[PDB]
Structure formats: C-alpha cells, structure tokens
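A.B. asks: Sending over a structure as structure tokens; questions will come in a sec.
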Protein chains: 2
Amino acid sequence: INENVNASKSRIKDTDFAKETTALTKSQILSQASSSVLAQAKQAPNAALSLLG
Amino acid sequence: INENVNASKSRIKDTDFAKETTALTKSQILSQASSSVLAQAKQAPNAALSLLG
C-alpha cells in the first residue's frame, strides 16, 4: 500500500521534468522575444521626432 | 483595462505629431506671406505722395 500510495503521490504532486524544462525554455524564448519587441517599440517617438524640423 | 484606457486617451488628449508639424509649417508660411503682403501694402502712401506734389 505504501508503494502504491507513493506512486499516486508522485503522479499527482511530483514534477514531470521533461514538461517543465520544455515550459521553461518556452518561457525564456517568449521573454527574449518580448524584450526585443519592447526595444524595437521604444523607437516610435524617434520617428515622431524625425518629423519635427 | 489600463492598456486599453491609455490607448483611448492617446486618441483624445495626445497630439498627432505629423498633423501638428504640417499645421505649424502651414501657419509659418501663412505668416510669412501676410508679413510680405503688409510690407508691400505699406508702400501705398508712397504712391500717394508721388502722385503729384
């Protein structure tokens, strides 16, 4: 019973390392993409300023 | 909601730099033309004096 209960507890509570590493990689790529898009987006008022004078 | 509210407020309160620069240029040319025309108009009394006597 202890073996079966430990198996159930691992199923419900333990980390699936493959899925979590994939999720971490996806999160890192999304964060880098968002940072790059933010760096690109901060230059729109530069285009606004280019119209002045 | 805050993002959408700021996007809304930009369309009412914030200025359009393209339209405003175009308007400023138009006003500058209008003022220059009116100044030149007034400088030419203040030359009617010299026609009056040179008429005779």
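Methodologically, a virtual Cβ is constructed for each residue, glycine included, from the backbone with ideal geometry; neighbour enumeration extends over all protein chains shown. Here, each number is a calculation from the coordinates, and none is a lab measurement.
A.B. asks: Within segment A:1-8, is even one residue over 30 Å from residue B:22 (Cβ atoms), assigned to a loop (DSSP other than H, G, I, E, B) and aliphatic (A, V, I, L, M)?
C.D. replies: Yes: segment A:1-8 contains one or more residues that are over 30 Å from residue B:22 (Cβ atoms), assigned to a loop (DSSP other than H, G, I, E, B) and aliphatic (A, V, I, L, M).
A.B. asks: Within 14 Å of chain B (Cβ to nearest Cβ) and out of contact with any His (no Cβ under 6 Å at 6 or more places or on another chain): is that true of residue A:30 in this structure?
C.D. replies: On the way: within 14 Å of chain B (Cβ to nearest Cβ): no; out of contact with any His (no Cβ under 6 Å at 6 or more places or on another chain): yes.
Answer is no for this residue.
A.B. asks: Then there is this: Filter segment B:9-19 for residues that are part of a helix (DSSP H, G or I), out of contact with any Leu (no Cβ under 9 Å at 6 or more places or on another chain) and surrounded by 10 or more Cβ atoms within 10 Å (Cβ to Cβ); which is farthest from the other protein chains (Cβ to nearest Cβ)?
C.D. replies: Within segment B:9-19, the first condition is being part of a helix (DSSP H, G or I), and the residues that meet it are B:9-12, B:17-19.
Filter once more, so that each one left must be out of contact with any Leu (no Cβ under 9 Å at 6 or more places or on another chain): B:9-12, B:19.
Add one more test, that the residue is surrounded by 10 or more Cβ atoms within 10 Å (Cβ to Cβ), and what stays is B:9-10, B:19.
Values: B:9: 16, B:10: 12, B:19: 10 Å.
It comes out as B:9.
A.B. asks: Look at residue B:23 and say whether it is within 16 Å of residue A:51 (Cα to Cα) and either more than 24 Å from the chain's Cα centre (by Cα) or of a type in the set (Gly, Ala, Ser) (or both).
C.D. replies: Considered against the rule, which asks whether it is within 16 Å of residue A:51 (Cα to Cα) and either more than 24 Å from the chain's Cα centre (by Cα) or of a type in the set (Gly, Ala, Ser) (or both), residue B:23 comes out as yes.
A.B. asks: What's the number of the only condition in (1) within 14 Å of another protein chain (Cβ to nearest Cβ); (2) surrounded by 10 or more Cβ atoms within 10 Å (Cβ to Cβ) that residue A:38 fails to meet?
C.D. replies: Only one criterion in (1) within 14 Å of another protein chain (Cβ to nearest Cβ); (2) surrounded by 10 or more Cβ atoms within 10 Å (Cβ to Cβ) is unmet by residue A:38, namely (2).
A.B. asks: Could you grab me the full set of residues in segment A:20-53 that are at negative phi and part of a loop (DSSP other than H, G, I, E, B)?
C.D. replies: A:42, A:43, A:51, A:52
A.B. asks: Can I ask one more? Of everything in segment B:20-33, what is of a type in the set (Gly, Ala, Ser) and exposed (fewer than 11 other Cβ atoms within 10 Å of the Cβ)? Give them in sequence order.
C.D. replies: B:27, B:31, B:33
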